[PDB]
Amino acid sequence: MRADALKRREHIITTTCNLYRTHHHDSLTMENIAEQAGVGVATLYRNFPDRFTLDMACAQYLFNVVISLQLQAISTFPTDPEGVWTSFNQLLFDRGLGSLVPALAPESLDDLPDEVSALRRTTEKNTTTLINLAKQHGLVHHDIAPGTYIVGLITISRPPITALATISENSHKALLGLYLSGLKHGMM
């Protein structure tokens, strides 16, 4: 693939991920995405034959990015547990885990294409490794399951409905600090 075609494809993907964080998910059309990416509809469609394909290419890209954050965190963890644990969660939270998952998840995780499903499995495996490190270093209570942590992180990261949103987002940003505190001290 020509270098410029590959850069253009990557830009369409990045643009789409950003749109999912700033725009109503149901308001976006292929035409809208092409326009925001600064490419023609035909260029968009040659890369991604349909909406599902574009959305799955976005999933694939995001899983690849999450895996690199997990691998950085796993390798760095032993010599800065609290620092790595905190920065890892801050990064997923601030980068929209909570907008991107609902934007891109199909009704069943079984509908993910096989390459994406493989990435999901690696992500779940790395999460267990990370949680086990966190438990080792007293950062996450031992009774908390890895799946509970994941679902919780996705849940607390979902931005509030418009009516409850603030310009600072302080109420929302504070929720991450409280979730990590809860994970550490365990359930009340």
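Numbering starts at 1 and runs along the sequence shown.
Asks: Identify the stretch, either 90-98 or 71-79, whose C-alpha atoms have the larger mean B-factor according to the entry.
Replies: Here the higher of the two C-alpha B-factor means belongs to 90-98.
Asks: Regarding 24-32 and 130-138, which shows the higher C-alpha temperature factor on average in the entry?
Replies: Looking at the recorded C-alpha B-factors, 24-32 comes out higher on average.
Asks: For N47, return the chain-relative third of its C-alpha B-factor as stated in the PDB record: lowest, middle or highest.
Replies: For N47, whose C-alpha B-factor we compare with every modelled residue in the chain, the answer is the highest third.
Asks: Thinking about Cα B factors across the chain, which third does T123 belong to?
Replies: Answer is middle: the recorded C-alpha B-factor places it there.
Asks: What third of its chain, lowest, middle or highest, does the C-alpha temperature factor of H185 fall into?
Replies: As the PDB entry reports it, the C-alpha B-factor of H185 lands in the middle third of its chain.
Asks: Ranking the modelled residues of this chain by C-alpha B-factor as given in the entry, is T53 in the lowest, middle or highest third?
Replies: For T53, the deposited C-alpha B-factor lands in the lowest third.
Asks: Going by the entry, which third of its chain does the Cα temperature factor of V151 land in?
Replies: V151: CA B-factor falls in the middle third of its chain.
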